[PDB]
Structure formats: structure tokens, C-alpha cells
$ cat target.cif   # mmCIF, C-alpha atoms and all ligand atoms
data_run
loop_
_atom_site.group_PDB
_atom_site.id
_atom_site.type_symbol
_atom_site.label_atom_id
_atom_site.label_comp_id
_atom_site.auth_asym_id
_atom_site.auth_seq_id
_atom_site.Cartn_x
_atom_site.Cartn_y
_atom_site.Cartn_z
ATOM 1 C CA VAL A 2 45.893 8.480 12.766
ATOM 2 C CA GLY A 3 45.172 7.610 9.173
ATOM 3 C CA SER A 4 42.708 6.378 6.626
ATOM 4 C CA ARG A 5 42.671 5.578 2.921
ATOM 5 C CA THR A 6 42.897 9.221 1.800
ATOM 6 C CA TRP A 7 44.217 11.235 4.772
ATOM 7 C CA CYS A 8 46.706 11.086 7.618
ATOM 8 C CA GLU A 9 47.434 13.149 10.721
ATOM 9 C CA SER A 10 50.652 14.860 11.839
ATOM 10 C CA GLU A 11 51.895 18.224 13.160
ATOM 11 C CA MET A 12 53.370 21.463 11.870
ATOM 12 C CA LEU A 13 54.782 24.574 13.552
ATOM 13 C CA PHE A 14 52.498 27.618 13.582
ATOM 14 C CA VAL A 15 52.586 30.982 15.353
ATOM 15 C CA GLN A 16 50.039 32.007 17.987
ATOM 16 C CA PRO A 17 46.768 33.515 16.639
ATOM 17 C CA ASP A 18 47.516 36.603 18.744
ATOM 18 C CA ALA A 19 51.109 37.029 17.550
ATOM 19 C CA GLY A 20 52.092 40.459 16.159
ATOM 20 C CA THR A 21 49.223 42.399 17.788
ATOM 21 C CA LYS A 22 51.968 44.225 19.773
ATOM 22 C CA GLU A 23 55.228 44.954 17.854
ATOM 23 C CA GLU A 24 56.681 43.566 14.582
ATOM 24 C CA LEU A 25 57.550 39.883 14.865
ATOM 25 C CA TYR A 26 61.123 38.860 14.117
ATOM 26 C CA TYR A 27 63.090 35.615 14.143
ATOM 27 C CA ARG A 28 66.900 35.525 14.044
ATOM 28 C CA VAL A 29 68.222 32.642 11.972
ATOM 29 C CA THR A 30 71.604 32.468 13.756
ATOM 30 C CA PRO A 31 71.423 34.518 16.963
ATOM 31 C CA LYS A 32 74.633 35.368 18.766
ATOM 32 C CA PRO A 33 75.112 34.276 22.394
ATOM 33 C CA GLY A 34 73.084 36.591 24.600
ATOM 34 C CA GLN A 35 70.987 37.887 21.686
ATOM 35 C CA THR A 36 67.226 37.394 21.834
ATOM 36 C CA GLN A 37 66.211 35.085 18.998
ATOM 37 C CA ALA A 38 62.575 36.127 18.567
ATOM 38 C CA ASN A 39 59.632 37.897 20.177
ATOM 39 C CA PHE A 40 57.264 34.936 19.639
ATOM 40 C CA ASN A 41 57.272 31.145 19.977
ATOM 41 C CA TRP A 42 56.500 28.486 17.411
ATOM 42 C CA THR A 43 53.570 26.316 18.475
ATOM 43 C CA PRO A 44 53.002 22.824 17.034
ATOM 44 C CA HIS A 45 49.467 21.803 16.174
ATOM 45 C CA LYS A 46 48.023 18.516 14.959
ATOM 46 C CA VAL A 47 46.737 18.744 11.384
ATOM 47 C CA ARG A 48 44.784 16.381 9.146
ATOM 48 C CA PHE A 49 46.480 16.064 5.748
ATOM 49 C CA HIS A 50 44.105 15.101 2.948
ATOM 50 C CA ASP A 51 45.758 13.128 0.146
ATOM 51 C CA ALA A 52 45.471 15.064 -3.093
ATOM 52 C CA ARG A 53 46.272 11.933 -5.135
ATOM 53 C CA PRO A 54 42.640 10.800 -5.807
ATOM 54 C CA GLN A 55 41.690 14.297 -7.064
ATOM 55 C CA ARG A 56 45.160 15.386 -8.261
ATOM 56 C CA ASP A 57 44.122 17.129 -11.503
ATOM 57 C CA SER A 58 41.279 19.083 -9.886
ATOM 58 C CA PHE A 59 43.381 21.542 -7.886
ATOM 59 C CA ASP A 60 43.635 24.975 -9.456
ATOM 60 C CA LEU A 61 45.794 28.047 -8.771
ATOM 61 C CA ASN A 62 42.783 30.401 -8.845
ATOM 62 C CA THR A 63 40.389 28.229 -6.829
ATOM 63 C CA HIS A 64 42.785 26.610 -4.333
ATOM 64 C CA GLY A 65 46.056 28.554 -4.672
ATOM 65 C CA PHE A 66 48.043 25.481 -5.708
ATOM 66 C CA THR A 67 48.134 22.928 -8.497
ATOM 67 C CA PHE A 68 50.134 19.841 -9.495
ATOM 68 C CA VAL A 69 51.481 19.477 -13.021
ATOM 69 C CA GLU A 70 53.254 16.694 -14.916
ATOM 70 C CA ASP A 71 56.633 17.808 -16.291
ATOM 71 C CA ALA A 72 59.442 15.324 -16.796
ATOM 72 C CA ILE A 73 63.041 16.491 -16.759
ATOM 73 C CA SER A 74 66.129 14.530 -17.656
ATOM 74 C CA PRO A 75 67.967 12.356 -15.113
ATOM 75 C CA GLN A 76 71.117 14.325 -15.918
ATOM 76 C CA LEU A 77 69.611 17.695 -15.003
ATOM 77 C CA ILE A 78 68.410 16.091 -11.749
ATOM 78 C CA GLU A 79 71.885 14.797 -10.893
ATOM 79 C CA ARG A 80 73.425 18.167 -11.765
ATOM 80 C CA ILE A 81 70.969 19.820 -9.354
ATOM 81 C CA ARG A 82 71.610 17.308 -6.570
ATOM 82 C CA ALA A 83 75.316 17.981 -7.166
ATOM 83 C CA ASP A 84 74.720 21.697 -6.335
ATOM 84 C CA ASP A 85 75.640 22.677 -9.900
ATOM 85 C CA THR A 86 74.713 26.356 -9.659
ATOM 86 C CA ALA A 87 75.029 26.888 -13.414
ATOM 87 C CA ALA A 88 72.568 24.074 -14.113
ATOM 88 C CA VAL A 89 70.029 25.590 -11.699
ATOM 89 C CA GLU A 90 70.244 29.208 -12.870
ATOM 90 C CA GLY A 91 70.406 28.229 -16.546
ATOM 91 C CA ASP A 92 68.684 25.012 -17.600
ATOM 92 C CA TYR A 93 66.401 24.604 -14.594
ATOM 93 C CA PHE A 94 65.258 28.249 -14.517
ATOM 94 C CA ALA A 95 64.403 27.910 -18.211
ATOM 95 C CA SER A 96 62.463 24.719 -17.486
ATOM 96 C CA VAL A 97 60.478 26.389 -14.686
ATOM 97 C CA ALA A 98 59.684 29.504 -16.716
ATOM 98 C CA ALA A 99 58.491 27.367 -19.628
ATOM 99 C CA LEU A 100 56.370 25.186 -17.336
ATOM 100 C CA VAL A 101 54.774 28.216 -15.674
ATOM 101 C CA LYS A 102 53.997 29.631 -19.122
ATOM 102 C CA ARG A 103 52.230 26.428 -20.239
ATOM 103 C CA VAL A 104 50.169 26.379 -17.080
ATOM 104 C CA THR A 105 49.110 30.034 -16.934
ATOM 105 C CA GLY A 106 49.712 31.548 -20.362
ATOM 106 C CA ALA A 107 51.728 34.308 -18.708
ATOM 107 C CA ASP A 108 53.684 36.721 -20.892
ATOM 108 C CA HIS A 109 56.694 37.002 -18.575
ATOM 109 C CA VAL A 110 58.139 34.802 -15.806
ATOM 110 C CA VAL A 111 61.146 35.721 -13.624
ATOM 111 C CA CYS A 112 62.845 32.991 -11.572
ATOM 112 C CA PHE A 113 64.770 33.794 -8.388
ATOM 113 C CA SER A 114 66.037 32.431 -5.034
ATOM 114 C CA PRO A 115 66.474 28.677 -5.677
ATOM 115 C CA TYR A 116 66.849 26.391 -2.652
ATOM 116 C CA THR A 117 67.973 22.776 -2.940
ATOM 117 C CA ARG A 118 66.937 20.908 0.192
ATOM 118 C CA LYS A 119 67.970 17.655 1.793
ATOM 119 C CA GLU A 120 66.530 16.088 4.910
ATOM 120 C CA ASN A 121 68.883 17.223 7.645
ATOM 121 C CA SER A 122 71.369 18.756 5.170
ATOM 122 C CA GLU A 123 74.555 20.639 6.030
ATOM 123 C CA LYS A 124 73.800 23.892 4.136
ATOM 124 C CA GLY A 125 71.670 25.254 7.001
ATOM 125 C CA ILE A 126 67.961 25.618 7.526
ATOM 126 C CA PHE A 127 67.184 26.908 4.038
ATOM 127 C CA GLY A 128 68.763 23.726 2.697
ATOM 128 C CA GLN A 129 66.393 21.616 4.840
ATOM 129 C CA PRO A 130 62.642 20.888 4.741
ATOM 130 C CA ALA A 131 60.563 23.784 6.036
ATOM 131 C CA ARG A 132 58.877 23.114 9.383
ATOM 132 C CA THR A 133 57.004 26.366 9.970
ATOM 133 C CA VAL A 134 53.821 27.140 8.032
ATOM 134 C CA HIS A 135 54.369 30.061 5.710
ATOM 135 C CA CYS A 136 53.572 31.973 2.545
ATOM 136 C CA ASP A 137 56.887 33.173 0.977
ATOM 137 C CA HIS A 138 55.850 36.771 0.460
ATOM 138 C CA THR A 139 53.631 39.468 1.891
ATOM 139 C CA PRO A 140 52.130 41.834 -0.701
ATOM 140 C CA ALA A 141 54.777 44.428 0.215
ATOM 141 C CA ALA A 142 57.515 41.835 -0.369
ATOM 142 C CA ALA A 143 56.065 40.748 -3.726
ATOM 143 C CA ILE A 144 55.858 44.395 -4.806
ATOM 144 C CA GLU A 145 59.401 45.087 -3.575
ATOM 145 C CA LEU A 146 60.738 42.081 -5.468
ATOM 146 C CA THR A 147 59.097 43.313 -8.679
ATOM 147 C CA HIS A 148 60.851 46.687 -8.363
ATOM 148 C CA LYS A 149 64.114 44.965 -7.512
ATOM 149 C CA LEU A 150 64.011 42.409 -10.354
ATOM 150 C CA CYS A 151 62.027 44.232 -13.061
ATOM 151 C CA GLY A 152 63.354 47.835 -12.874
ATOM 152 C CA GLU A 153 61.466 50.483 -14.874
ATOM 153 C CA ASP A 154 58.947 47.991 -16.222
ATOM 154 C CA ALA A 155 57.476 47.493 -12.730
ATOM 155 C CA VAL A 156 55.494 50.741 -13.017
ATOM 156 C CA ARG A 157 53.362 49.065 -15.711
ATOM 157 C CA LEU A 158 53.598 45.422 -14.607
ATOM 158 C CA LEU A 159 52.268 46.055 -11.078
ATOM 159 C CA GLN A 160 48.976 47.366 -12.473
ATOM 160 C CA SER A 161 47.950 44.245 -14.372
ATOM 161 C CA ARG A 162 47.787 40.582 -13.341
ATOM 162 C CA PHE A 163 50.762 39.873 -11.080
ATOM 163 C CA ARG A 164 51.400 36.576 -9.261
ATOM 164 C CA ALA A 165 54.271 34.977 -7.348
ATOM 165 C CA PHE A 166 54.747 31.193 -7.105
ATOM 166 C CA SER A 167 56.923 28.682 -5.338
ATOM 167 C CA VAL A 168 57.682 25.905 -7.842
ATOM 168 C CA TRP A 169 58.618 22.698 -5.980
ATOM 169 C CA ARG A 170 59.943 19.385 -7.363
ATOM 170 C CA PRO A 171 61.284 16.230 -5.658
ATOM 171 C CA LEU A 172 64.855 15.306 -6.589
ATOM 172 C CA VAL A 173 64.561 11.777 -5.124
ATOM 173 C CA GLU A 174 61.374 9.796 -5.708
ATOM 174 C CA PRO A 175 58.827 8.902 -4.547
ATOM 175 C CA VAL A 176 58.590 11.343 -1.671
ATOM 176 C CA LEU A 177 57.567 9.475 1.451
ATOM 177 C CA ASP A 178 58.685 11.457 4.518
ATOM 178 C CA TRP A 179 58.627 15.262 4.842
ATOM 179 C CA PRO A 180 56.226 15.850 1.935
ATOM 180 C CA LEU A 181 55.265 19.406 1.117
ATOM 181 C CA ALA A 182 51.786 20.229 2.440
ATOM 182 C CA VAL A 183 49.608 22.958 0.919
ATOM 183 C CA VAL A 184 46.401 24.592 2.178
ATOM 184 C CA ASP A 185 43.210 25.398 0.292
ATOM 185 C CA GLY A 186 43.510 29.169 0.060
ATOM 186 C CA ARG A 187 39.757 29.556 0.453
ATOM 187 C CA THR A 188 40.163 28.298 4.038
ATOM 188 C CA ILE A 189 42.819 30.796 5.180
ATOM 189 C CA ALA A 190 41.311 33.573 7.296
ATOM 190 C CA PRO A 191 42.946 37.024 7.206
ATOM 191 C CA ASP A 192 43.752 36.756 10.914
ATOM 192 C CA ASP A 193 45.713 33.536 10.285
ATOM 193 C CA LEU A 194 48.437 35.638 8.616
ATOM 194 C CA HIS A 195 51.345 37.061 10.630
ATOM 195 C CA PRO A 196 54.275 38.859 8.958
ATOM 196 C CA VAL A 197 57.605 37.784 10.464
ATOM 197 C CA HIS A 198 60.987 39.325 9.665
ATOM 198 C CA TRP A 199 63.537 36.552 9.128
ATOM 199 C CA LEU A 200 66.838 38.120 10.208
ATOM 200 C CA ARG A 201 69.549 36.382 8.234
ATOM 201 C CA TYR A 202 71.692 39.376 9.234
ATOM 202 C CA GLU A 203 71.776 41.760 12.177
ATOM 203 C CA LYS A 204 69.043 43.930 10.644
ATOM 204 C CA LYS A 205 65.826 43.598 8.637
ATOM 205 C CA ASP A 206 67.042 43.336 5.057
ATOM 206 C CA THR A 207 63.856 42.676 3.026
ATOM 207 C CA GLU A 208 60.106 42.747 3.356
ATOM 208 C CA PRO A 209 58.869 39.654 5.217
ATOM 209 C CA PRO A 210 56.908 36.474 4.490
ATOM 210 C CA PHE A 211 53.673 35.462 6.230
ATOM 211 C CA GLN A 212 53.760 32.848 8.969
ATOM 212 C CA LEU A 213 50.404 31.246 9.720
ATOM 213 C CA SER A 214 48.567 30.482 12.930
ATOM 214 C CA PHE A 215 46.466 27.315 13.042
ATOM 215 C CA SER A 216 42.728 27.221 12.467
ATOM 216 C CA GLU A 217 40.371 24.264 12.326
ATOM 217 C CA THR A 218 38.848 25.846 9.210
ATOM 218 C CA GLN A 219 42.057 25.257 7.233
ATOM 219 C CA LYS A 220 41.862 22.349 4.757
ATOM 220 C CA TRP A 221 45.360 20.922 4.388
ATOM 221 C CA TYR A 222 46.506 18.680 1.528
ATOM 222 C CA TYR A 223 49.543 16.680 0.508
ATOM 223 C CA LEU A 224 50.264 14.681 -2.664
ATOM 224 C CA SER A 225 51.204 11.195 -1.448
ATOM 225 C CA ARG A 226 54.257 9.528 -3.015
ATOM 226 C CA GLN A 227 55.099 12.567 -5.130
ATOM 227 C CA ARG A 228 57.489 11.836 -7.999
ATOM 228 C CA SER A 229 60.164 13.909 -9.742
ATOM 229 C CA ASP A 230 57.840 14.365 -12.739
ATOM 230 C CA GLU A 231 55.091 15.870 -10.523
ATOM 231 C CA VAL A 232 55.674 19.569 -9.839
ATOM 232 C CA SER A 233 53.855 21.520 -7.125
ATOM 233 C CA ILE A 234 53.058 25.158 -7.960
ATOM 234 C CA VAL A 235 52.077 27.034 -4.785
ATOM 235 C CA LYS A 236 50.788 30.593 -5.076
ATOM 236 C CA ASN A 237 52.378 33.107 -2.703
ATOM 237 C CA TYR A 238 50.720 36.247 -4.134
ATOM 238 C CA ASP A 239 47.949 37.200 -6.591
ATOM 239 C CA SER A 240 46.741 40.672 -7.566
ATOM 240 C CA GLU A 241 43.417 39.327 -8.884
ATOM 241 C CA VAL A 242 40.334 38.790 -6.756
ATOM 242 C CA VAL A 243 40.028 34.979 -7.027
ATOM 243 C CA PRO A 244 38.775 32.400 -4.473
ATOM 244 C CA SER A 245 42.363 31.807 -3.188
ATOM 245 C CA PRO A 246 44.508 34.971 -3.069
ATOM 246 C CA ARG A 247 47.320 32.711 -1.820
ATOM 247 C CA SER A 248 48.052 29.332 -0.355
ATOM 248 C CA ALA A 249 50.537 28.444 2.386
ATOM 249 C CA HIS A 250 52.867 25.502 2.745
ATOM 250 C CA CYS A 251 55.148 23.534 5.045
ATOM 251 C CA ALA A 252 56.530 20.004 5.450
ATOM 252 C CA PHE A 253 55.436 17.433 8.037
ATOM 253 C CA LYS A 254 56.741 14.157 9.447
ATOM 254 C CA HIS A 255 54.721 11.354 7.816
ATOM 255 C CA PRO A 256 53.466 8.842 10.429
ATOM 256 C CA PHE A 257 53.520 5.762 8.184
ATOM 257 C CA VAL A 258 56.950 5.934 6.543
ATOM 258 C CA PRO A 259 59.764 3.645 7.770
ATOM 259 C CA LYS A 260 62.368 5.277 9.999
ATOM 260 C CA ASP A 261 65.166 4.109 7.679
ATOM 261 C CA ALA A 262 63.667 5.642 4.522
ATOM 262 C CA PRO A 263 66.174 7.710 2.484
ATOM 263 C CA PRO A 264 66.252 11.487 3.067
ATOM 264 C CA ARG A 265 63.860 13.709 1.166
ATOM 265 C CA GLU A 266 65.601 15.840 -1.495
ATOM 266 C CA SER A 267 63.907 18.580 -3.469
ATOM 267 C CA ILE A 268 64.418 21.888 -5.240
ATOM 268 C CA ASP A 269 62.171 24.927 -5.038
ATOM 269 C CA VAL A 270 62.425 28.169 -7.046
ATOM 270 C CA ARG A 271 60.319 31.317 -6.665
ATOM 271 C CA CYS A 272 58.878 33.075 -9.729
ATOM 272 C CA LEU A 273 57.273 36.465 -10.471
ATOM 273 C CA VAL A 274 54.486 35.933 -13.045
ATOM 274 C CA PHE A 275 52.998 38.700 -15.192
ATOM 275 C CA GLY A 276 49.897 38.259 -17.282
ATOM 276 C CA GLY A 277 48.056 35.056 -17.910
ATOM 277 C CA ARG A 278 45.068 33.429 -16.353
HETATM 278 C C1 LIG B 301 63.091 27.876 7.103
HETATM 279 O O1 LIG B 301 62.822 28.939 6.181
HETATM 280 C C2 LIG B 301 61.599 28.777 5.586
HETATM 281 O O2 LIG B 301 60.744 27.995 6.002
HETATM 282 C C3 LIG B 301 61.368 29.599 4.470
HETATM 283 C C4 LIG B 301 62.389 29.369 3.523
HETATM 284 O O3 LIG B 301 62.880 28.246 3.381
HETATM 285 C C5 LIG B 301 62.864 30.411 2.733
HETATM 286 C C6 LIG B 301 63.895 30.157 1.824
HETATM 287 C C7 LIG B 301 62.389 31.653 2.828
HETATM 288 O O4 LIG B 301 62.808 32.718 2.108
HETATM 289 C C8 LIG B 301 62.504 33.948 2.858
HETATM 290 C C9 LIG B 301 61.442 33.500 3.917
HETATM 291 C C10 LIG B 301 61.318 31.956 3.687
HETATM 292 C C11 LIG B 301 59.975 31.678 2.970
HETATM 293 C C12 LIG B 301 61.381 31.079 4.937
HETATM 294 C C13 LIG B 301 60.183 31.344 5.885
HETATM 295 C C14 LIG B 301 63.760 34.502 3.556
HETATM 296 C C15 LIG B 301 64.226 33.620 4.729
HETATM 297 C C16 LIG B 301 64.910 34.591 2.528
HETATM 298 C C17 LIG B 301 64.435 34.955 1.107
HETATM 299 C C18 LIG B 301 63.209 35.827 1.222
HETATM 300 C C19 LIG B 301 62.978 36.640 -0.160
HETATM 301 C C20 LIG B 301 63.307 35.784 -1.388
HETATM 302 C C21 LIG B 301 63.950 37.837 -0.165
HETATM 303 O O5 LIG B 301 61.643 37.092 -0.348
HETATM 304 C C22 LIG B 301 60.891 37.503 0.700
HETATM 305 O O6 LIG B 301 59.755 37.840 0.350
HETATM 306 C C23 LIG B 301 61.244 37.494 2.054
HETATM 307 C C24 LIG B 301 61.140 36.065 2.642
HETATM 308 C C25 LIG B 301 61.988 35.032 1.858
HETATM 309 C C26 LIG B 301 61.128 34.272 0.830
HETATM 310 O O1 LIG B 302 60.781 21.995 0.705
HETATM 311 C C1 LIG B 302 60.256 22.498 1.714
HETATM 312 O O2 LIG B 302 60.183 21.897 2.800
HETATM 313 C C2 LIG B 302 59.705 23.923 1.639
HETATM 314 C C3 LIG B 302 59.561 24.539 0.258
HETATM 315 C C4 LIG B 302 59.108 25.985 0.218
HETATM 316 O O3 LIG B 302 58.937 26.581 1.293
HETATM 317 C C5 LIG B 302 58.883 26.649 -0.900
HETATM 318 O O4 LIG B 302 58.894 26.026 -1.965
HETATM 319 O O5 LIG B 302 58.645 27.865 -0.850
HETATM 320 FE FE FE B 303 58.146 28.430 1.031
#
$ encode --input "target.cif" --output "C-alpha cells" --more "lines below"
Ligand SMILES: COC(=O)[C@@H]1C(=O)C(C)=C2O[C@@]3(C[C@]2(C)[C@H]1C)[C@@H](C)CC[C@H]1C(C)(C)OC(=O)CC[C@@]13C
Ligand SMILES: O=C(O)CCC(=O)C(=O)O
Ligand SMILES: [Fe+3]
Amino acid sequence: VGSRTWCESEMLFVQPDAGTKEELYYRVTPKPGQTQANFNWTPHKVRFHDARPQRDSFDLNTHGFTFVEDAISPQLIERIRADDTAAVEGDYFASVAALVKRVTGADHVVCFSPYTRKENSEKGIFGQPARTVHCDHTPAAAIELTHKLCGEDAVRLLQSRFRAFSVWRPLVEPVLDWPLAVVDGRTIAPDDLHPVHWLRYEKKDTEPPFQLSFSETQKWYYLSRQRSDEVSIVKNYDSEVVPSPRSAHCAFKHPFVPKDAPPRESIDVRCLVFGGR
């Protein structure tokens, strides 16, 4: 079940054969009598390798994720846990953009779609830890978001280095239960990827994310006891041919944490990233 540097748990995947017929969709809040989806989630046991002993070795080009030290003030953290929207869209966005610029050297970073999560929250499923394995954007979705956020400039930006990240930070520390797991992007096979339309509304309203199916080839990691000063950057899209075009991520129930541990709290923000290395 566990050893010094790994543990075992489960996550929700899609079937390897999902989406070979029609487009997959999942309704977030289906009405009575409405069909919720044309596929089922399937749990699979996964071995989670602790990234802690090799923390500084993981790289956004090689692995599709990286961990970076970046302390923020206790007051910004309490403002965020208080759902202070102005603190998120102002101070925290600025913090994330600046962090991403240190890490990559990018010329331009655009933050969007922040989600503050709390273990079995009341703000719905996007305010709760993610239980299905996903990559936030397909290429089409990343391209669409660049047009939507960057206007005219997109015609030039989309032809050089373009990346999209999820930037994830614990708001209570250390994280014990429901840690964010990330996969070595070199171990994702193209057939593991399944676009799924998340219907927040009656109709498709954006381009979709990828949901993953399980494979024994996938090498899954987690950073044990992650602190509020330790930020996970998880790559959802990259225009450059690098060993990991993307990673994928999801939370899992940790087998060795006490039942009565406090709820996990975190904030994640997506970012479009232009230029850099
Ligand atoms: C339990 O829900 C999760 O596990 C994930 C989640 O928590 C969130 C917040 C999501 O946002 C998505 C899809 C995921 C990754 C889901 C799978 C949808 C639901 C709304 C925002 C869009 C958007 C920003 C328009 O960009 C897109 O490319 C389309 C997909 C996302 C990123
Ligand atoms: O906090 C979680 O459980 C999921 C976070 C996430 O999906 C993201 O950062 O894109
Ligand atoms: Fe995500």
C-alpha cells in the first residue's frame, strides 16, 4: 500500500475506448430525465511516487510540471480563503504572473479562471478537489482562449512559443489528504487522451479539456506534505516539441492520513504564457 517514497490509491479515468463513437459530454447539473453523459468514469488503482526526494529535478519541458518556492503573505492567503475576489484578480494574479516569468522568462503571462477549492465545499464541484484525471485544455481550447483573451495580438502570438499552465498552491498547510497528483508527460500516450465537453449549461459553450484513460505506462507523482510556499506549475499545453507536450493532474484520497485531518484548501489559476524557455 505504501513505502518510503510512494503510496497507492485510486483516481477516476475514462475508458481507453471512450470517444471512438460520438463526442463525449458530461453535464455538470443535469435536469431530471436528462442524460448526464455518454460515458462512465472508471476508477483505477495508481502508484503515486513522492516527488519530495527529487523535488527540484522536475522540469516543465522534460516532465510537464515543476515545483517552485514562492512565499506569499499570510494576509493575502486569508483574503483568498475569504473569497476576496479583488485580492485574487489583483494581487494574486500579479503574484502568479511574476512567478511564471521568473520560472520561464516569458515575455507575457495572462491569468484567468481562478478556482478556490475546499474539501467538500459548498460552491459546487469546481470549488472542490478534482477527482477525474484531466488536462485543462485541448489544443483547440488553448488556441480559442488566446483569441478570446489576446485579441488582435493572437495572430502573431500563436506562431511563436505558446504554453498554458495551471498554477496550484495550498491555502492550508501542509497538504495531507487530497494532494494534487501530476503525471510525467513523457509517459502519456496519445490514445490516453479523450476530449470531453463539460456542459455547465444546456449547450457546449467552449472547446473542451482532455480527460485521460489509465495506462500502466503512466508515471504518477505527488509532492508529499506540500506547503503554501510550494507552488505546483502543471503544463496544459505547449507549442514546442519537448519531451512532455503536457502533463495531466487530479487529486486522490491519501491512504495514510487521519480521517479527522482538516479539509484541504487550495487555489489554482490558469495562465497563457508567451515566449520564454
Ligand atoms: C471537476 O472539474 C474539473 O476537474 C476541472 C475543473 O475543476 C475545472 C475548473 C475545469 O475547467 C474547465 C474543465 C475543467 C478542467 C474541469 C475538468 C471547464 C469545466 C470550465 C472552464 C474551462 C475553460 C477555462 C473555459 O477552458 C477550457 O479549456 C475548457 C475546460 C475548462 C478548463
Ligand atoms: O485542486 C484540485 O483538485 C485540481 C486543480 C486543477 O485541476 C487545476 O489546477 O487545474
Ligand atoms: Fe485542472
$ closest_residue --input "target.cif" --among "A:140, A:209, A:263, A:115" --to "ligand LIG 302 (chain B)" --atoms "only C-alpha atoms and all ligand atoms"
A:115
$ residues_near_ligand --input "target.cif" --ligand "ligand LIG 301 (chain B)" --cutoff "9 Å" --atoms "only C-alpha atoms and all ligand atoms" --output "number ranges by chain"
A: 29, 113-116, 118, 125-143, 145-146, 197-201, 206-212, 250-251, 269, 271
$ resolve_selection --input "target.cif" --expression "the PyMOL selection byres (((chain A and resi 15-18) around 6) and not hetatm)" --output "PyMOL selection string"
chain A and resi 14+19+42-43+214
$ resolve_selection --input "target.cif" --expression "the PyMOL selection byres (((chain A and resi 94) around 12) and not hetatm)" --output "JSON, numbers by chain"
{"A": [77, 81, 86, 87, 88, 89, 90, 91, 92, 93, 95, 96, 97, 98, 99, 100, 101, 110, 111, 112, 113, 114, 115, 168, 268, 269, 270, 271, 272]}
$ atom_distance --input "target.cif" --atom1 "atom CA of residue A:167" --atom2 "atom CA of residue A:203"
26.4 Å
$ atom_distance --input "target.cif" --atom1 "atom CA of residue A:144" --atom2 "atom CA of residue A:184"
23.0 Å
$ atom_distance --input "target.cif" --atom1 "atom CA of residue A:177" --atom2 "atom CA of residue A:258"
6.2 Å
$ residues_around --input "target.cif" --residues "residue A:163" --least-positions-apart "2" --cutoff "6 Å" --atoms "all atoms listed in the file" --output "MDAnalysis selection string"
chainID A and resid 239:240 274:275
$ closest_residue --input "target.cif" --among "A:11, A:180, A:169, A:4" --to "ligand FE 303 (chain B)" --atoms "all atoms listed in the file"
A:169
$ resolve_selection --input "target.cif" --expression "the PyMOL selection byres (((chain A and resi 82) around 10) and not hetatm)" --output "CSV table (one decimal) with C-alpha atoms, in the frame of the given file"
chain,number,residue,atom,x,y,z
A,76,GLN,CA,71.1,14.3,-15.9
A,77,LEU,CA,69.6,17.7,-15.0
A,78,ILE,CA,68.4,16.1,-11.7
A,79,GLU,CA,71.9,14.8,-10.9
A,80,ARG,CA,73.4,18.2,-11.8
A,81,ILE,CA,71.0,19.8,-9.4
A,83,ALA,CA,75.3,18.0,-7.2
A,84,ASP,CA,74.7,21.7,-6.3
A,85,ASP,CA,75.6,22.7,-9.9
A,89,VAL,CA,70.0,25.6,-11.7
A,117,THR,CA,68.0,22.8,-2.9
A,118,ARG,CA,66.9,20.9,0.2
A,119,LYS,CA,68.0,17.7,1.8
A,172,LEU,CA,64.9,15.3,-6.6
A,173,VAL,CA,64.6,11.8,-5.1
A,266,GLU,CA,65.6,15.8,-1.5
A,267,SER,CA,63.9,18.6,-3.5
A,268,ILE,CA,64.4,21.9,-5.2
$ decode --input "target.cif" --residues "stretch 197-209 of chain A" --atoms "N, CA and C atoms" --output "CSV table (one decimal), in the first residue's frame"
chain,number,residue,atom,x,y,z
A,197,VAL,N,-13.6,15.8,-23.7
A,197,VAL,CA,-14.9,15.7,-23.1
A,197,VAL,C,-15.5,17.1,-22.9
A,198,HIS,N,-16.7,17.3,-23.4
A,198,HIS,CA,-17.3,18.6,-23.3
A,198,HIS,C,-18.0,18.7,-21.9
A,199,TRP,N,-17.6,19.6,-21.0
A,199,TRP,CA,-18.2,19.8,-19.7
A,199,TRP,C,-19.3,20.8,-19.9
A,200,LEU,N,-20.6,20.3,-19.8
A,200,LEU,CA,-21.7,21.2,-20.1
A,200,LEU,C,-22.1,21.8,-18.8
A,201,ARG,N,-21.6,23.0,-18.5
A,201,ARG,CA,-22.1,23.8,-17.4
A,201,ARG,C,-23.5,24.4,-17.7
A,202,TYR,N,-23.8,24.5,-19.0
A,202,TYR,CA,-25.1,25.0,-19.5
A,202,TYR,C,-25.8,23.9,-20.3
A,203,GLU,N,-26.9,24.3,-21.0
A,203,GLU,CA,-27.6,23.3,-21.8
A,203,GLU,C,-26.7,22.9,-23.0
A,204,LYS,N,-25.9,23.7,-23.5
A,204,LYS,CA,-25.1,23.5,-24.7
A,204,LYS,C,-23.6,23.6,-24.5
A,205,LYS,N,-22.9,22.9,-25.3
A,205,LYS,CA,-21.4,23.2,-25.5
A,205,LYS,C,-21.2,24.7,-25.5
A,206,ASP,N,-20.3,25.2,-24.7
A,206,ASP,CA,-20.1,26.7,-24.6
A,206,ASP,C,-18.6,27.0,-24.9
A,207,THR,N,-17.7,26.1,-24.8
A,207,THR,CA,-16.3,26.3,-25.1
A,207,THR,C,-15.7,25.1,-25.8
A,208,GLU,N,-14.4,25.2,-26.2
A,208,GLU,CA,-13.7,24.0,-26.5
A,208,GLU,C,-13.4,23.2,-25.2
A,209,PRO,N,-13.1,21.9,-25.3
A,209,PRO,CA,-13.1,21.0,-24.1
A,209,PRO,C,-11.7,20.8,-23.5
